[PDB]
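These notes concern the structure reproduced below.
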Amino acid sequence: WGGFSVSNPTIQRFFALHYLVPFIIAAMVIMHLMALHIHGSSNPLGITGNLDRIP
Amino acid sequence: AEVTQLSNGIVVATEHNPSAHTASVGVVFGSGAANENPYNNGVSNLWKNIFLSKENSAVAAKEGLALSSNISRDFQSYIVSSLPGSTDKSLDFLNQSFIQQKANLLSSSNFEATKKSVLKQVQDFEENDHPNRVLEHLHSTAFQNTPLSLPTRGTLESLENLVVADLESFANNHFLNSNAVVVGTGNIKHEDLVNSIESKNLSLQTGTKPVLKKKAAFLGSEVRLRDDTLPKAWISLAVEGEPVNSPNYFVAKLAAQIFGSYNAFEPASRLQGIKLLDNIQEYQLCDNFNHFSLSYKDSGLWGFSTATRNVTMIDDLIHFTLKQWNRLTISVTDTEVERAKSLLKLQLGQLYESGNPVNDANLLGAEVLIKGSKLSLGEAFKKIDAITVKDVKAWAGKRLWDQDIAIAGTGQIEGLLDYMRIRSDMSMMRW
Ligand code: HEM
Ligand SMILES: CCCCCCCCCCCCCCC(=O)OCCCOP(=O)(O)OC[C@@H](O)COP(=O)(O)OCCCOC(C)=O
Numbered sequence: 166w167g168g169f170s171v172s173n174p175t176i177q178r179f180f181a182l183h184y185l186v187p188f189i190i191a192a193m194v195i196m197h198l199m200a201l202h203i204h205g206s207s208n209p210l211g212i213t214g215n216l217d218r219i220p
Numbered sequence: 027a028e029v030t031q032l033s034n035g036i037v038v039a040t041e042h043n044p045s046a047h048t049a050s051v052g053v054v055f056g057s058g059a060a061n062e063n064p065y066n067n068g069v070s071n072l073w074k075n076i077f078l079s080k081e082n083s084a085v086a087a088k089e090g091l092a093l094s095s096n097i098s099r100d101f102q103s104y105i106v107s108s109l110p111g112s113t114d115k116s117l118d119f120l121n122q123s124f125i126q127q128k129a130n131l132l133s134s135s136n137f138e139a140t141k142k143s144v145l146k147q148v149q150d151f152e153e154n155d156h157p158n159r160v161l162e163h164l165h166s167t168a169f170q171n172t173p174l175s176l177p178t179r180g181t182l183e184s185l186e187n188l189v190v191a192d193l194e195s196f197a198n199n200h201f202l203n204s205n206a207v208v209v210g211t212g213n214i215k216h217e218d219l220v221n222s223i224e225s226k227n228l229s230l231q232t233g234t235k236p237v238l239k240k241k242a243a244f245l246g247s248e249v250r251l252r253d254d255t256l257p258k259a260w261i262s263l264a265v266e267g268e269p270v271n272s273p274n275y276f277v278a279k280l281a282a283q284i285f286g287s288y289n290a291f292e293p294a295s296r297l298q299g300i301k302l303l304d305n306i307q308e309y310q311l312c313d314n315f316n317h318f319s320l321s322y323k324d325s326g327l328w329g330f331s332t333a334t335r336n337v338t339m340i341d342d343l344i345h346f347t348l349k350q351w352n353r354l355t356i357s358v359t360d361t362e363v364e365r366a367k368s369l370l371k372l373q374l375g376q377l378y379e380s381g382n383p384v385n386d387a388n389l390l391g392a393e394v395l396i397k398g399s400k401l402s403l404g405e406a407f408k409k410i411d412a413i414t415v416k417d418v419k420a421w422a423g424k425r426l427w428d429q430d431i432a433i434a435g436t437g438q439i440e441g442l443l444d445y446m447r448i449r450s451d452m453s454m455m456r457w
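Those protein sequence lines, which keep their order, are chains C and A. The entry's author numbering numbers the first residue of the first sequence as 166 and each following residue consecutively. The entry's author numbering numbers the first residue of the second sequence as 27 and each following residue consecutively.
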């Protein structure tokens, strides 16, 4: 809180953190894509897709 | 160096050469593999081998006579060779054993022995000759459901159900005086050949061959024959081209000569003035390629064929080659045109002035069957020297720029991308 209740110090700190966390989500989205590039995507049948690929 | 044609109901063409040591005499017909149907495909290839069987070649060898034959899509040939003072014996053999009597050749024992050897020829071709079977597959996807699609050797399945009746039917319909040309090359004079023919009478059959229902049509498509156990990838790619007796016949040949042919292992072939070579040699994406411009009575093909061991960079090879083609519409220079002029003259100057009279006879008979006359080599050169940059750009803007393609491939072709990413490379976007 920064005090004894939800007050002015609470609302000013919640806005500065609210601007920040979107840029942390973006950095986790890049790490998410790196882990997909290793094995690529799956498919609705649940078997290998290395025999027929499209760019 | 001039040919002479006469007609008596029988056309007789001749290119006399007094300084040769042999003479060739034969008959050429105007029906090929594009004059048969999917049921009797290969009947012409089986006619060639009945002509070249043992007991007919033995009878010719006792007299000092050699035999030859050839099957193509528009024509067939049956040729006899001899020493220059033995040409009347050549005509007699061609009369007796071929046009008049053939019950000797179509016997029950000679037919089975011939069929066994031809089946082994075709089976061997389909398992070991990879550059040539991919070009045959290109013809079959480009012209599918049309007479110019059928292979010249025949197919192993259609070739098994043939009988002697199929041969006799095909002979009665296509081996006819209206569909025939009698040729003579080497040391043979026109008057002597004319005199020897009228001393006999020499007619095969009358005429009225069948008309072909369907006309040839090009269709953009692909066929992939994947085999991961072979050590290379073989690919051929083309567009629709020019037929014989077209105004753009020599301009399409000059354009193929601009990009030419390549062998990576020959040192002098790496030094040719071809701008495509500046792109391939740095990573060595191929072993060889060759550009072709094929022409028939109804249509044609223009393109290239290649073989490579670098199976992870196929997409770079196709991409760089198709971008060079785009320059024929936009930015082809004058130096590239003057080079291809003089190398095209050397090419067809060696094809039409070799020393073999057998090749002369096949060329002469095929040209006279279509045009009624042969264009001399001094005339063809003048047409080639009159081509300009504007003629090339006008031809390419109509035949190459954003046009459909046909593709065939075999071997390790995982790296060959889909149709529409290759089709998109036929235009630039940056013009
Ligand atoms: C900002 C949020 C996210 C973004 C931008 C994102 C992006 C992507 C993209 C572009 C793909 C490519 C394949 C596809 O579209 O299915 C993908 C796949 C995948 N994502 Fe996400 N993702 C996000 C959140 C999540 C979440 C919340 C989960 C699970 C809790 C998740 C799990 C997966 C999985 C398992 C795949 C692979 C599916 C497959 O290949 O079958 N992602 N993601
Ligand atoms: C033991 C002693 C240690 C003491 C020292 C303490 C220091 C500790 C921290 C060290 C610093 C971190 C190491 C540096 C590092 O990993 O990144 C810097 C290198 C460049 O980053 P990158 O991962 O190559 O780019 C990241 C790339 O490789 C991945 O690309 P991707 O984002 O997956 O592609 C998506 C783009 C698609 O394009 C679009 C968006 O359309």
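Beta carbons: idealized from backbone N, C-alpha and C, even for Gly.
How would you write the range of the alpha helix (DSSP H) that A/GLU248 sits in, first residue to last?
Here A/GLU248 belongs to no alpha helix (DSSP H); instead the beta strand (DSSP E) covers 247–252.
Take residue 460 of chain A and list the residues in its own chain whose beta-carbon comes closer than 7 Å to its own, dropping the five residues that flank it on each side.
Outside the shown range of chain A, which is 27 to 457, sits residue 460 of chain A, and nothing can be said about it.
So A/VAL220 packs on A/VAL85, CB below 8 Å; how close in whole Å?
26 Å between Cβ atoms; not a contact.
Have a look at A/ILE344 and A/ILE448 and give me their C-alpha separation to the nearest angstrom.
Using only the alpha carbons, I get a separation of about 8 Å.
Using three-state DSSP, classify A/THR234 as helix, strand or coil.
Residue state, collapsed to three classes: coil.
Which residues have a Cβ closer than 6 Å to any heavy atom of ligand 2, listed in chain order?
Counting every residue whose Cβ lies closer than 6 Å to a heavy atom of ligand 2, we get C/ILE195, C/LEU198, C/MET199.
Rounded to a whole number of angstroms, what is the C-alpha to C-alpha distance between A/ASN96 and C/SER207?
Taking the straight line from one Cα to the other gives about 55 Å.
Within 10 Å of its beta-carbon, does A/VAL53 have 16 or more other beta-carbons around it, so buried, or fewer, so exposed?
A/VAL53 is buried by the Cβ-count criterion.
Any chance the stretch 170–187 of chain A sits against the stretch 360–369 of chain A, with 3 or more Cβ pairs inside 8 Å?
Taking 8 Å as the limit for Cβ pairs, the verdict is that the stretch 360–369 of chain A does not touch the stretch 170–187 of chain A.
In this structure, does DSSP put residue 19 of chain A in helix, strand or coil?
The shown model of chain A, from 27 to 457, leaves out residue 19 of chain A, and the question about it has no answer.
If you measure from the CB of A/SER175, is any heavy atom of ligand 1 nearer than 7 Å?
Answer for A/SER175: no, Cβ out of range of ligand 1.
At a cut-off of 7 Å, is C/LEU201 close to ligand 1 when judged by its beta-carbon and the heavy atoms of the ligand?
Yes, the Cβ of C/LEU201 comes within 7 Å of a heavy atom of ligand 1.
In this structure, does DSSP put A/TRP73 in helix, strand or coil?
In this structure, A/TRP73 counts as helix in the three-state DSSP scheme.
Are the stretch 34–50 of chain A and the stretch 62–79 of chain A in contact at 8 Å, needing three or more beta carbon pairs?
No, they do not touch.
I need the straight-line Cα distance from residue 475 of chain A to A/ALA387, nearest angstrom please.
Nothing about residue 475 of chain A can be read from this structure; chain A reaches only from 27 to 457.
Specify, as a first and last residue, the run of the beta strand (DSSP E) that A/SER94 falls within.
From DSSP, the beta strand (DSSP E) with A/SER94 extends over 92–97.
Give me the Cα-Cα distance between A/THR361 and A/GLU89, rounded to the nearest whole angstrom.
Straight-line Cα distance between these residues: approximately 55 Å.
Less than 7 Å separating the Cβ of C/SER207 from some heavy atom of ligand 1?
Correct: C/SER207 has its Cβ closer than 7 Å to ligand 1.
Could you tell me which uninterrupted alpha helix (DSSP H) segments, each at least 4 residues in length, are contained entirely in the stretch 285–320 of chain A, listed from first to last along the chain?
Within the stretch 285–320 of chain A, the complete alpha helix (DSSP H) runs of at least 4 residues are 303–306.
In chain order, what residues of the same chain have a beta carbon less than 8 Å from the beta carbon of A/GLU379, not counting five sequence neighbours either side?
Only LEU403 meet the Cβ criterion.
How should A/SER325 be labelled, buried or exposed, when 16 other C-beta atoms within 10 angstroms of its C-beta is the threshold for buried?
Flag for A/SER325 reads buried.
Classify A/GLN373 as helix, strand or coil using the three-state DSSP reduction.
In this structure, A/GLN373 counts as helix in the three-state DSSP scheme.
In chain order, what residues of the same chain have a beta carbon less than 8 Å from the beta carbon of A/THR234, not counting five sequence neighbours either side?
The residues are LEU202, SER204.
Which residues in the same chain have their Cβ closer than 8 Å to the Cβ of A/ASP411, if we skip the five residues on either side of it in sequence?
Hits under 8 Å: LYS367.
So A/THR178 packs on A/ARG99, CB below 8 Å; how close in whole Å?
Contact holds; Cβ gap of about 6 Å.
First and last residue of the beta strand (DSSP E) that includes A/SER50?
49–55 is the span of the beta strand (DSSP E), which, as asked, contains A/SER50.
If you draw a straight line from the alpha carbon of A/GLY435 to that of A/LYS241, how long is it in whole angstroms?
Taking the straight line joining both Cα atoms gives about 26 Å.
For the beta strand (DSSP E) containing A/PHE330, list its first residue and its last residue.
Run containing A/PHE330: 326–334, per the beta strand (DSSP E) assignment.
Using DSSP with H/G/I as helix, E/B as strand and the rest coil, what is A/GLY423?
Correct three-state label for A/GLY423: helix.
Report all residues from its chain with a CB closer than 7 Å to the CB of A/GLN429; omit the five preceding and five following residues, and keep chain order.
For A/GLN429, where only same-chain residues beyond five positions count, the Cβ hits under 7 Å are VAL265, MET452.
Which complete beta strand (DSSP E) runs does the stretch 169–221 of chain A hold, if anything under 3 residues is left out?
As far as the stretch 169–221 of chain A is concerned, its whole beta strand (DSSP E) runs of at least 3 residues are 206–212.
Checking 8 Å against the spacing of the C-beta atoms, do A/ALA168 and A/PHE285 come in under that value?
No, Cβ-Cβ distance for A/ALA168 and A/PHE285 is not below 8 Å.
Terminal residues of the continuous alpha helix (DSSP H) containing A/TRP351?
340–356 is the extent of the alpha helix (DSSP H) around A/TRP351.
Closer than 7 Å to a non-hydrogen atom of ligand 1 - does that hold for the CB of C/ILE219?
No.
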